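First the structure, in the form of structure tokens, and then the observations on it.
When we count neighbours, we look across all protein chains shown, and the Cβ atoms used for this are built from the backbone with ideal geometry, even at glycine. Values in this text are rule-based calculations from the coordinates and carry no lab data.
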Amino acid sequence: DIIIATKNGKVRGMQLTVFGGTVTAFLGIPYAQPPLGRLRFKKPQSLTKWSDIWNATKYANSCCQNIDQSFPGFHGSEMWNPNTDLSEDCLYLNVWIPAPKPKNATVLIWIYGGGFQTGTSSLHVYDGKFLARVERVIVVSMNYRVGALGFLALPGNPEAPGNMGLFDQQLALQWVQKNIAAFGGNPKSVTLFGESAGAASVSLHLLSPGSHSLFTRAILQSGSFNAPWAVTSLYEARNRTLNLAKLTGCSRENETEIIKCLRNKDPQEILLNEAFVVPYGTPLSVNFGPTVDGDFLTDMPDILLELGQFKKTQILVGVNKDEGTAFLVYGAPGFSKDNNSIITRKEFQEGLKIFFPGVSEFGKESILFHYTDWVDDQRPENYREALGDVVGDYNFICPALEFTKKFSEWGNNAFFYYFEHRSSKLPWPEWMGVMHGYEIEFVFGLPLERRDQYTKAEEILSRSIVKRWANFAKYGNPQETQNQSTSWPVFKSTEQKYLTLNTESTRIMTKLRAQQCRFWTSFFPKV
Ligand SMILES: *[C@@H]1O[C@H](CO[C@@H]2O[C@@H](C)[C@@H](O)[C@@H](O)[C@@H]2O)[C@@H](O[C@@H]2O[C@H](CO)[C@@H](O)[C@H](O)[C@H]2NC(C)=O)[C@H](O)[C@H]1NC(C)=O
Ligand SMILES: *[C@@H]1O[C@H](CO[C@@H]2O[C@@H](C)[C@@H](O)[C@@H](O)[C@@H]2O)[C@@H](O[C@@H]2O[C@H](CO)[C@@H](O)[C@H](O)[C@H]2NC(C)=O)[C@H](O)[C@H]1NC(C)=O
Ligand SMILES: *[C@@H]1O[C@H](CO[C@@H]2O[C@@H](C)[C@@H](O)[C@@H](O)[C@@H]2O)[C@@H](O[C@@H]2O[C@H](CO)[C@@H](O)[C@H](O)[C@H]2NC(C)=O)[C@H](O)[C@H]1NC(C)=O
Ligand SMILES: C#CCN1CCN(CCCOc2cccc3ccc(/C=[N+](\[O-])C(C)(C)C)nc23)CC1
Ligand SMILES: *[C@@H]1O[C@H](CO[C@@H]2O[C@@H](C)[C@@H](O)[C@@H](O)[C@@H]2O)[C@@H](O)[C@H](O)[C@H]1NC(C)=O
Ligand SMILES: CC(=O)N[C@H]1[C@H]([C@H](O)[C@H](O)CO)O[C@@](O)(C(=O)O)C[C@@H]1O
Ligand SMILES: *[C@@H]1O[C@H](CO)[C@@H](O)[C@H](O)[C@H]1NC(C)=O
Ligand SMILES: *[C@@H]1O[C@H](CO)[C@@H](O)[C@H](O)[C@H]1NC(C)=O
Ligand SMILES: [Cl-]
Ligand SMILES: [Cl-]
Ligand SMILES: [Cl-]
Ligand SMILES: [Cl-]
């Protein structure tokens with residue numbers, strides 16, 4: 001029996017066998033008052049102590065959310081769907097500690113992605129027991145509110161101020177500061193890491209002054225706040241709140257009376273109406289997301305980034321070779337996970353309408369002009385690949401590179417990676433390549449389990465990534481120093497060196513996607 005005294009009461013964990021060793025897991029520790037009733041849409045409230053022993057021996061409820069229904073029975077999509085009951089009562093976190101109890105272990109805190117509308121910390125690919133077993137770090141992950149319940153915004157109104165899911169994250173970072181020393185962790189050595197919207201969340205904690213003292217360093221996998229989907233204007237946020245108010249029958253002159261009416265609606269009526277709150281949506285629509293609330297985020301974050309107003313520390317940032325392909329089978333004409341998806345020029349132009357609905361004719365022609373200058377115009381997958389690269393460069397790769405450039409300009413060490421290995425177990429077809437989200441299982445060390453169907457070269461790759469991430473968190477420097485590995489150079493705004501991650505040979509390269517990102521980052525914001 002393993003019982004740990006926290007600030008709010010005792011918690012009981014469970015022992016797990018991992019690679020002929022042992023890890024102690026505490027699953028489903030509450031870190032806030034359940035945000036129900038009059039607490040729905042408000043910032044998370046502190047917890048009243050308990051006197052029994054809280055049993056933290058199973059994952060908790062995931063937060064309310066809509067579920068992807070495009071491919072029922074298909075593991076490629078269903079592996080991202082929540083795997084515990086959905087409930088508003090979802091403000092819980094998990095802790096994996098090495099056995100025997102460490103003395104002053106570095107702490108890694110995971111923030112999951114999902115477009116700020118979906119996600120849960122209990123997914124199989126987020127299991128922290130391997131990192132705890134192999135590197136002797138402590139791993140923490142939390143559930144935070146998503147969709148309208150996490151991000152509905154009436155700017156300035158405490159009954160629905162916005163950014164509630166971000167304050168959920170922040171209250172969990174505070175829980176670690178106040179309690180992790182009792183688990184053997186070092187609260188002065190905490191690294192946040194996250195992917196997609198989780199990575200955008202990490203980047204906003206670098207900018208929020210209320211998070212400054214709650215972590216040391218940051219890792220951003222395939223996301224950053226300057227991505228076009230990641231921050232919502234106060235303009236759209238207000239239009240979106242009122243549109244939801246109309247859809248549920250809650251239109252009222254007194255703004256606060258709207259929130260009260262929305263608080264007597266069942267979670268399912270809210271969830272079903274989130275989608276139509278926007279006139280035209282895309283596969284990357286973030287109906288309810290982060291806003292400039294004047295609290296978590298004190299100014300538009302492009303301005304904070306440009307003018308150097310962020311926590312000065314080291315960052316690790318990276319992207320995957322085929323970020324864009326996953327979204328093509330969720331609406332682009334002629335695309336299918338079940339054939340090779342060779343599209344024509346006409347289908348390509350229609351795909352741009354789907355992904356850029358509010359963009360002028362000239363705006364769409366300029367995308368086409370820049371991405372259809374083939375070497376061999378006979379290659380039948382020309383248009384299929386162009387649309388993938390368009391979606392990935394615009395939405396993930398060029399924002400992450402620009403974030404890294406601007407951040408490094410204020411004097412801190414940054415390290416950039418390009419992940420280009422396609423999992424041998426990947427259920428999606430080969431044309432989709434090295435997809436968004438499929439580096440995560442290598443970061444968490446699932447290929448170190450010989451019992452799965454991963455190759456020997458993938459065990460080797462994951463082992464190296466796990467050491468680099470852990471060395472970054474402990475020491476600020478993501479080297480693998482023992483096995484004659486390639487040295488990872490610092491990313492500077494001048495030379496812009498990055499490291500490639502693959503099973504063949506890691507290489508140092510310069511100026512990733514230079515020509516493409518000049519288009520997206522300089523020209524296209526004007527249109
Ligand atoms: C656990 O270790 C900390 C030191 O953490 C390191 O220093 C940080 C600056 C950061 O770089 C981390 O990544 C490092 O791992 C010890 O902190 C000391 O605490 C005493 C008393 O509180 C204080 O007088 C010292 O100045 C602190 N030292 C530093 C460098 O800040 C802490 O005591 C250790 N705790 C245990 C139980 O071993
Ligand atoms: C701001 O919202 C209005 C209203 O949205 C409509 O009603 C909501 C309940 C929801 O069902 C939306 O999907 C609806 O569109 C938007 O006004 C509509 O705009 C579309 C096209 O832009 C038009 O076809 C509708 O007739 C408009 N309806 C009304 C009542 O004016 C408006 O576009 C939104 N603002 C922005 C900038 O998009
Ligand atoms: C690749 O598949 C898409 C999608 O086709 C669907 O999946 C299969 C079960 C197929 O057998 C059809 O029953 C399904 O519709 C194909 O796109 C469709 O093409 C037809 C033209 O014949 C068109 O009428 C549909 O609207 C298209 N559907 C969508 C969603 O765009 C596509 O033609 C296939 N490509 C190749 C190269 O085979
Ligand atoms: C996969 C995939 C494709 N699908 C797209 C649509 N999604 C519908 C619900 C909302 O998801 C999202 C909406 C908007 C922007 C988004 C950006 C990134 C992501 C990333 N992820 O979801 C994971 C964590 C990698 C699985 N999701 C976003 C379901 C996933
Ligand atoms: C909390 O757990 C206490 C200990 O029981 C443990 O859990 C059971 C399921 C066995 O698997 C074994 O590992 C332990 O004996 C219980 O005595 C206590 O009642 C539990 N509390 C609540 C509220 O259920
Ligand atoms: C929404 C939800 O998950 N509710 C509760 C579930 C179900 O009520 C039952 O398992 C029957 O479905 O049961 C628990 O009490 C349990 O048995 O550990 C945990 C949880 O609080
Ligand atoms: C709205 O109603 C609340 C509660 O009755 C009240 O405190 C607030 O002042 C009202 N505001 C307006 C503008 O009527
Ligand atoms: C270094 O190589 C040895 C070879 O036996 C291997 O066992 C070990 O896991 C490697 N370490 C890393 C960090 O890759
Ligand atoms: Cl209540
Ligand atoms: Cl161009
Ligand atoms: Cl052509
Ligand atoms: Cl150009």
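For the range 199-254, the relative contact order comes to 32 percent (Cα pairs under 8 Å, sequence separation of at least 6). For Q309, no residue has an amide H sitting under 5 Å from its own, ignoring neighbours fewer than 5 places away on the same chain, with H placed 1.01 Å from N. In loop segments of the range 468-527 as defined by DSSP, there are no chymotrypsin sites (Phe, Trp or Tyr not before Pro) with at most 10 further C-beta atoms inside 10 Å of their C-beta. In whole Å, what is the distance between the alpha-carbon centres of the range 167-183 and the range 124-139? Between the Cα centres of the range 167-183 and the range 124-139 lies a distance of 18 Å. The loop-placed trypsin sites (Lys or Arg not before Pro) in the range 41-85, going by DSSP, that have at most 15 neighbouring Cβ atoms within 10 Å of their Cβ come out as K49, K58. Take the Cα of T481, step 7 Å toward its Cβ, do the same at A457, and the gap between the two points is 3.0 nm. Extending 7 Å from Cα along the Cβ direction at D89 and again at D266 yields two label points whose distance is 1.8 nm. Only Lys, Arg, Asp and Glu carry charge here, each on its Cβ (+1 for the first two, -1 for the last two); on that basis the range 10-80 has a dipole of about 520 debye about its Cα centre.
Annotation: peptides 236-243, 277-284, ranked by per-residue average of other Cβ atoms within 10 Å with the highest first, follow the order 236-243, 277-284.
Among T325, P290, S408, pick out the residue whose Cα is farthest towards the positive end of the charge dipole of the range 284-427, where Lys and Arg carry +1 and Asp and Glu carry -1 on C-beta, about the Cα centre. Projecting each Cα onto the dipole axis, the largest value belongs to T325.
Neighbours of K497 by Cβ distance under 15 Å: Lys/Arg scored +1, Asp/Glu scored -1, total +4. Rounded to the nearest 20, the Cβ-based charge dipole of the range 144-239 about its Cα centre (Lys and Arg +1, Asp and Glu -1) stands at 260 debye. Does anything in the range 136-165 have its amide N under 18 Å from the 7 Å Cα→Cβ label point of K7, and if so which residues? Taking a point 7 Å out along Cα→Cβ of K7, the residues of the range 136-165 whose backbone N falls under 18 Å are 140-143. In order along the range 343-353, phi translates into HN-Hα couplings of 9, 8, 3, 4, 4, 4, 4, 5, x, 5, 4 Hz, rounded to whole numbers, per the Karplus curve 6.51 cos²θ - 1.76 cosθ + 1.60 with θ = phi - 60° and x for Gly and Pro. Per-peptide packing, taken as the mean over residues of other Cβ atoms within 10 Å, places 151-159, 207-215 in the sequence 151-159, 207-215 from highest down.
Across the range 202-306, the relative contact order, built from alpha-carbon pairs under 8 Å that are at least six residues apart, equals 37 percent.
Around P228, with a cut-off of 12 angstrom between Cβ atoms, what is the net charge of the other residues, counting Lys and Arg +1 and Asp and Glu -1? Neighbour charge sum, excluding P228 itself: -3. Of all DSSP-defined beta bridges confined to the chain, some 40% are antiparallel rather than parallel. Basic side chains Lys and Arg get +1 at the Cβ, acidic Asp and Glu get -1 at the Cβ, and with that the dipole of the range 293-360 about its Cα centre reaches some 320 debye. Sequence-distant contacts, meaning Cα pairs under 8 Å at least 6 residues apart, place the relative contact order of the chain at 13 percent. Simple spin-label model, 7 Å along Cα-to-Cβ: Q309 to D338 in nm? Taking the two extended label points, one gets 5.2 nm.
Could you tell me the distance between the Cα centroids of the range 458-511 and the range 303-335, to the nearest Å? The range 458-511 and the range 303-335 have Cα centres spaced 19 Å from each other.
For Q45 and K103, the difference between the fully extended length at 0.36 nm per residue and the C-alpha to C-alpha distance is 17.8 nm. What the Cβ-Cβ distance of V359 and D52 gives, at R0 = 51 Å and to the nearest 0.05, is a FRET efficiency of 0.35. If the chain linking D377 and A275 were pulled fully straight, counting 0.36 nm for each residue of separation and taking away their Cα-Cα distance, it would gain 32.8 nm. The Cβ shell under 15 Å around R133 holds other residues with a net charge of +3, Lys and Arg each +1, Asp and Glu each -1.
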